[PDB]
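An overview of the molecular structure
Letter by letter, the chains look like this.
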Amino acid sequence: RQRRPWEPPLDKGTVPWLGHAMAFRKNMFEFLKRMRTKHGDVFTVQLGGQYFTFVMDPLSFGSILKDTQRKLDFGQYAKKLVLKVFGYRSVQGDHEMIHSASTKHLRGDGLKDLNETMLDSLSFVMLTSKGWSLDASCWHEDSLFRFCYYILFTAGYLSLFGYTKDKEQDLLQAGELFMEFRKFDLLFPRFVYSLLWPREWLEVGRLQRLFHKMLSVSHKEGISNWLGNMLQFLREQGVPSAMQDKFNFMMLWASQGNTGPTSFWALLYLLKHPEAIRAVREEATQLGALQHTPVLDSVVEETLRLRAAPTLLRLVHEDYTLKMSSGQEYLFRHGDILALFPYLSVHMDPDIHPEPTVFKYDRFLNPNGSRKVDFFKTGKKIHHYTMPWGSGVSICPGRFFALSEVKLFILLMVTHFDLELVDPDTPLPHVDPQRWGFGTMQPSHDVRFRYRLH
Ligand code: HEM
Ligand SMILES: C[C@@]12C(=O)CC[C@H]1[C@@H]1CCC3=CC(=O)CC[C@]3(C)[C@H]1C=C2c1cccnc1
């Protein structure tokens, strides 16, 4: 490949036949931060098989995301990734069904009835798993991360994949899944980056087989319409049950992979900021009133802005031409992968968000407590001031549910428990760089905390 005058800078690496994969994988955020100050807001690098052109200009997102002339493409590429990662063979129309089923059952009225179930599941797990001693003034010490990610996982899983007559049994099996899930979660980045030793390549195999069996379609009662609907579609289309198993696990990964970790960060920030936790507690003291919790909404967004860091990817279907804010005209070859990293471009942009590495619980609140949606860069409007879900038809179709899960979890935690960090003086764990780009980040080290009934 050779750069043409109208294309953006192409950096092949100092060891040209090794490229930038190694530095990219070690720390993607830092890597992109260094390439930006070297080449500017647009550049091309070869990673894995493909060529990636990173667009780091916040101002160009609106143009790219809304593909006026349909030059870009998400679906085709998405197809390629789930196959290689999960081994799922897409069928004609299954995507359409996912988002069709999501809106019908993960939003509006389907969501209301589902949230009911969540609350029941979320209360059951929290009451039953907290830990007890005959002394009710007895603090219990746990690691905050594993705690939030176990509660959110078990509850979300039972709310979506169903349960049986013996409630306690289900919580037990849900907890067993969680342990295995966490092992797979820990390996996932190095699995996708193909940076694993033989023992781990086999471990990932054992976990995938195990998850296929446990969620097997050849087996409860009362599962979410969301899942019930999809599986049914698959069944009608003639998808073998063995492939249905692989779908169920992919959906498990999507629905439970980020909710827990998000809850962890959101709660940890509240513990590290007395004024923020006061703000939500006072708001919390007044069945289905998620609609009137603006302070908690701001707190969740401010958590997502600080810890959600996915990568927006688009295959260039036919040659794309983008005019930059500055004024250049760049060309993108068909077959190139146009890529956005909203975390660096938008979340940490100090001009869009001043003091960006700081947790400001009221960041998305207006002086009059209203919802704030007016953000600018160099005086210029920004519609995507936070992109923790994606955009277009790649956007997380369960985002409204995920928000219900996280808000509900917080409320119950701050409301009925006394919370304290074991080493409040030690500063917060930073992001594990291994995961940059994979949804919600996970901490570099674990935080101990203690709790008890109020
Ligand atoms: C904090 C919670 C969550 C976060 C941060 C999150 C984040 C994301 C992100 C970043 C994507 C990809 C966006 C893109 O490709 O542009 C995604 C996709 C997806 N998420 Fe989530 N998600 C969450 C919760 C959930 C839940 C609860 C479900 C289901 C119950 C879910 C189902 C999905 C599905 C099905 C997709 C694929 C969308 C598609 O096929 O086009 N997510 N999520
Ligand atoms: C862009 C990315 C990177 O390099 C670091 C961020 C990586 C994505 C993060 C989220 C993700 C979730 C899945 O469920 C399946 C695989 C992907 C899409 C990851 C695949 C990658 C890639 C690497 C070379 C060629 N193609 C894709």
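Residues numbered from 1 in each chain as written, not as in the entry; some residues may be left out. Chains lettered and ligands numbered in written order. Heavy atoms only, no water.

For this deposition, the record names X-ray crystallography as the technique by which the model was determined and cites 2.65 Å as its resolution.

1. Quick word on the site of ligand 2
In the neighbourhood of ligand 2, the contacting residues comprise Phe24, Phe52, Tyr77, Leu81, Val85, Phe86, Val192, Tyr193, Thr311, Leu313, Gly437 and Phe438. At a separation of 2.6 Å, a nitrogen atom of ligand 2 approaches a polar side-chain atom of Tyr77. When ligand 2 sits alone it has 570 Å² of accessible area, and the protein chains cover 79% of it. Top element by residues in the shell around ligand 2 is helix α4 (residues 75–86). It accounts for four residues. Residue classes in the shell around ligand 2 are distributed as 10 nonpolar, two polar and no charged. (Near = heavy atom within 4 Å. Polar contact = N/O pair within 3.5 Å; in protein donor to acceptor, adjacent residues only side chain to side chain. Areas by Shrake-Rupley, 256 points an atom, 1.4 Å probe, with all protein chains shown as cover. Helix = DSSP H or I, 4+ residues; strand = E, 2+ residues; numbered from the N terminus. Nonpolar A, V, L, I, M, F, W, Y, C, P; charged D, E, K, R; others polar.)

2. Things to note about the packing of aromatic side chains
Applying the stated criterion to the full structure yields 44 aromatic pairs. Summarising the aromatic geometry, the rings of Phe43 and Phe54 are spaced 5.7 Å apart at their centres and angled 35° between planes, so their arrangement reads as tilted. Pair noted here: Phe43 is in strand β1 (residues 42–47) and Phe54 is in strand β2 (residues 50–55), with a separation of 11 residues, a long-range link. Just as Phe43 is buried, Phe54 falls in that class too. Between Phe153 and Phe178, the aromatic rings sit 5.7 Å apart at their centres with planes inclined by 50°, giving tilted as the arrangement. Here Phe178 lies in helix α8 (residues 167–192) and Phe153 lies in helix α7 (residues 144–161), a separation of 25 residues in the sequence. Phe153 gets classed as buried once you look at its relative accessible area, which sits at 0%. Classification of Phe178 by relative accessible area gives buried; the value is 6%. Sitting over the face of the ring of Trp265, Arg307 holds its NZ or CZ atom 4.3 Å from the ring centroid. (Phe/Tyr/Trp six-rings, centres within 6.5 Å; stacked < 30°, edge-to-face > 60°. Buried < 20%, exposed > 50% of the residue type's maximum accessible area, 1.4 Å probe, protein only. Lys NZ or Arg CZ within 6 Å of the ring centre and 35° of its normal.)

3. A short note on the nonpolar core
The biggest cluster of nonpolar side chains holds 119 residues, and the ones touching the most others in it are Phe54, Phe247, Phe341 and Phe409. Residues in contact with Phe409, not counting those within four places in the same chain, are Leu122, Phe147, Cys148, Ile151, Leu152, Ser263 and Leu267. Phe61, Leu72, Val316 and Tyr385 belong to the second largest nonpolar core, which has 22 residues in total. (Core = buried A, V, L, I, M, F, W, Y, C linked by side-chain atoms within 4.5 Å. Contact = heavy atoms within 4.5 Å.)

4. Brief notes about the packing of α7 against helix α16 (residues 399–416)
Where α7 meets α16, the axes come as close as 11 Å, and the angle between the chain directions of the two elements is 130°. Between α7 and α16, the interaxial angle falls into the category oblique. The crossing of α7 and α16 is right-handed. Contact residues: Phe147, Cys148, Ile151, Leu152, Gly156 and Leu160 in α7; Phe401, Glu405, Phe409 and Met413 in α16. Class assignment of the residues belonging to the contact of α7 with α16 gives a composition of eight nonpolar, one polar and one charged. (Axes fitted to C-alpha atoms, helices over the stretch in contact; angles between N-to-C directions. Parallel < 35°, antiparallel > 145°, perpendicular 65-115°, else oblique. Left-handed = near helix turned anticlockwise from the far one by under 90°.)

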